[PDB]
Amino acid sequence: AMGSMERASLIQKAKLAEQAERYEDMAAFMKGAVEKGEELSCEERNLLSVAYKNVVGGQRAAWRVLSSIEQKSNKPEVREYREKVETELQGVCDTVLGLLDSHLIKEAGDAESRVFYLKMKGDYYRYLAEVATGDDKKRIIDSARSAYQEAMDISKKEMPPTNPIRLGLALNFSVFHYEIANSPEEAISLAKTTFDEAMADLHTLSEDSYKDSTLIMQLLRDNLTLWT
Amino acid sequence: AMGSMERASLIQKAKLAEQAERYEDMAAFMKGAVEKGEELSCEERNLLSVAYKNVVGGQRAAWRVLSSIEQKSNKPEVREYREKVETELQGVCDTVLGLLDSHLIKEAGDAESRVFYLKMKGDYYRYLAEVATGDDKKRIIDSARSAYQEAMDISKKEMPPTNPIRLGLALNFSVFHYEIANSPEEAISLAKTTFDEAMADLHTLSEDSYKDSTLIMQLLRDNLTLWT
Amino acid sequence: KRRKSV
Amino acid sequence: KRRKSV
Ligand SMILES: COC[C@H]1CC[C@@H]2/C1=C\[C@@]1(C)CCC(C(C)C)=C1[C@@H](O[C@H]1O[C@H](CO)[C@@H](O)[C@H](O)[C@H]1O)[C@H](O)[C@@H]2C
Ligand SMILES: COC[C@H]1CC[C@@H]2/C1=C\[C@@]1(C)CCC(C(C)C)=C1[C@@H](O[C@H]1O[C@H](CO)[C@@H](O)[C@H](O)[C@H]1O)[C@H](O)[C@@H]2C
Ligand SMILES: [Mg+2]
Ligand SMILES: [Mg+2]
Ligand SMILES: [Mg+2]
Ligand SMILES: [Mg+2]
């Protein structure tokens, strides 16, 4: 319902919604900006990703609380309510995946845009896989893997090992291996190799760039500590 | 849209939504329970009040951030977006006020139910007054005052001075005096008198009751410290 | 800080 | 704690 607002107004409203911690509004403003059909800049892709990550982050946190309550329960109310939250999270992931496929990814020719969108595609199938039980849990898992793999192949060819999007991609792909694909050894090897290749490239960075790479390096280290 | 669910299921879902911090869902479940037409118990009135207090608490926090941004700005985007949030907060306060007037208050014969609902009526007009600028800012303010006054008159006749609902009522009515009615002296006198009359009644309490009264007494003390 | 309400 | 993602 954002078709009558100017693209620049939608972006400015998304920034306002972020300051106000109104993330559903932020995501709706960013959806409307994407649907204007023009490619996003670096700053605009960041806004889109923050808005939906926060929205789905809330749904996933609630789904885990209800799932946990439900597990202990084995009336219909917790299962029904977990299902309602689950449907809503599924619709958010479908919305994000539809934006990526119509037509953010097809138009993304630079490495930083294409890898960014492919990471998001892997993330949103991974959220679908967190809740999936059907005939299509396996195809959802493999859609996540294939998006993250394509992103990894491009990033290793086109971006330095310290690039924050390449780092975040590997962090999440390693989480996918660990808790979705049940491949903890692959999760560990990916996080160790990523960390080590970034350490050896820190010397090339300005003080600003050094700070954004080391921040996600620390999350790689946190997971390695947790898992080993 | 909750007309087909059992009253008991709505209440149970409101409790689940609370655990999951899904307060808009919690408020919608509680609205549907109230619309069943039966009086609420003590625990159910608490659920209703927590759900809407959290929902409006989020809208008011966002409205203050946007209002503050807008003030600094004196394009149309911040004013328009503050207006959108303002309309949404107004609709929530109207929804709560409609529940109270159709027909929670009319059916509330016990002091603890009637004072509880009258406090909520005062609170939700006070939220409307926080944003009001029109021909009817003054009537909204006086609707808040009149609800809180009726609640105070009943509580002083029917409830001990340590009763948590009487304490919370006075805490909020004193905030109303201070920042809505521009009567800081009345705000201070009300908070001091309330605090002092509760101190002198603590001796009558069990350890459990003593803990819930002293908690809101501390907020009375916090405001007196801030204001003096 | 911010005054308290409840 | 909970593993990190970003
Ligand atoms: C699709 O996957 C997007 C994520 C891949 C890694 C990471 C991803 C997302 C976000 C936007 C959110 C968290 C961070 C930082 C704080 C880790 C960033 C971003 O950070 C940029 O944007 C945020 C502005 O919101 C700022 O706080 C940073 O200063 C800025 O460098 C960073 O450069 C890359 C893009
Ligand atoms: C209409 O104005 C309702 C408020 C008037 C004072 C206060 C009001 C609201 C709430 C429900 C939320 C904060 C508190 C406590 C923690 C201060 C209470 C409640 O507290 C009750 O309910 C909450 C369960 O959620 C528990 O944490 C307490 O243990 C319980 O005593 C207390 O007895 C009265 C009803
Ligand atoms: Mg235009
Ligand atoms: Mg292009
Ligand atoms: Mg029934
Ligand atoms: Mg009655």
Side-chain angles (χ1 to χ4, degrees), chain A residues 3-10 14-15 18 26 33 36-38 42-54 57 96 100 104 113-124 147-148 151 155 162-173 209 212-219, chain B residues 14-15 18 26 42-54 57 96 100 104 113-124 147-148 151 155 162-173 209 212-219, chain C residues 4-6, chain D residues 4-6:
Chain A
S4 71
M5 292 199 175
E6 287 278 14
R7 189 178 187 277
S9 299
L10 291 162
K15 288 172 180 176
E18 188 179 27
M26 197 188 174
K36 297 299 165 179
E38 301 250 63
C42 180
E43 177 172 22
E44 298 166 349
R45 285 189 286 281
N46 286 352
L47 288 165
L48 169 69
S49 77
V50 163
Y52 282 103
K53 202 83 164 40
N54 276 282
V96 176
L100 294 171
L104 295 174
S113 57
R114 195 170 182 89
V115 174
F116 192 105
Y117 294 134
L118 288 163
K119 178 181 170 290
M120 286 187 69
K121 178 163 184 182
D123 289 341
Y124 287 86
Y148 279 140
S155 58
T162 43
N163 176 286
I165 296 158
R166 180 168 166 185
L167 293 176
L169 166 66
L171 174 78
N172 289 12
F173 195 13
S209 304
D212 199 1
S213 297
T214 56
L215 198 190
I216 294 163
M217 290 177 63
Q218 178 68 227
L219 304 170
Chain B
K15 288 172 180 176
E18 188 179 27
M26 197 188 174
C42 180
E43 177 172 22
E44 298 166 349
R45 285 189 286 281
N46 286 352
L47 288 165
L48 169 69
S49 77
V50 163
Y52 282 103
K53 202 83 164 40
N54 276 282
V96 176
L100 294 171
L104 295 174
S113 57
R114 195 170 182 89
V115 174
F116 192 105
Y117 294 134
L118 288 163
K119 178 181 170 290
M120 286 187 69
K121 178 163 184 182
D123 289 341
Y124 287 86
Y148 279 140
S155 58
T162 43
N163 176 286
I165 296 158
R166 180 168 166 185
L167 293 176
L169 166 66
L171 174 78
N172 289 12
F173 195 13
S209 304
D212 199 1
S213 297
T214 56
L215 198 190
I216 294 163
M217 290 177 63
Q218 178 68 227
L219 304 170
Chain C
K4 308 295 168 71
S5 59
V6 70
Chain D
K4 308 295 168 71
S5 59
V6 70

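To find a chain, count down the sequence lines: A is the first, B the second, and so on, and within it residues start at 1. Remember, it's 1-based here, ligands and their atoms both numbered in the order they're listed.
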- Test side chain to side chain contact (heavy atoms under 4.5 Å, CB included) on A/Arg114 and A/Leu118 and set out the steps. CA-CA 6 Å; A/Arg114 195 170 182 89; A/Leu118 288 163; 3.8 Å; yes
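Under the 3.5 Å distance criterion, the side-chain polar atoms of A/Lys36 are matched with a main-chain donor or acceptor of A/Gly3. Side chain of B/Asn172 to main chain of B/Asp123: no donor-acceptor pair is present (N/O by atom type, distance under 3.5 Å, no hydrogens or angles). Side chain of B/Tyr148 to main chain of B/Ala170: no donor-acceptor pair is present (N/O by atom type, distance under 3.5 Å, no hydrogens or angles).
Listed by number with element, the atoms of ligand 1 under 4.0 Å from a non-hydrogen atom of A/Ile165 are 35 (C). Ligand-side atoms of ligand 2 in range of B/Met120: 1 (C), range being under 4.0 angstrom from any heavy atom. Ligand 1 places these atoms under 4.0 Å from at least one heavy atom of A/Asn46: 11 (C), 21 (C), 22 (O), 35 (C). Heavy-atom contacts of A/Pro164 reach the following atoms of ligand 1: 6 (C), 33 (O) (cutoff under 4.0 Å).
Looking at A/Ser209, A/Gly122, A/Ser49 and measuring to atom 9 (C) of ligand 1, the nearest heavy atom belongs to A/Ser49. Residue nearest to atom 20 (O) of ligand 1, selected from A/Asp212, A/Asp123, A/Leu215: A/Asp212 (by heavy-atom distance).
Residue A/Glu18 has no nitrogen or oxygen atom sitting less than 3.5 Å from a nitrogen or oxygen atom of ligand 1, judged on distance alone.
Atom OE1 is the N/O/S atom of A/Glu6 found closest to the Mg ion (ligand 3).
Salt bridge status for A/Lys15 with A/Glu44: absent, with no side-chain N to carboxylate O gap under 4.0 Å.
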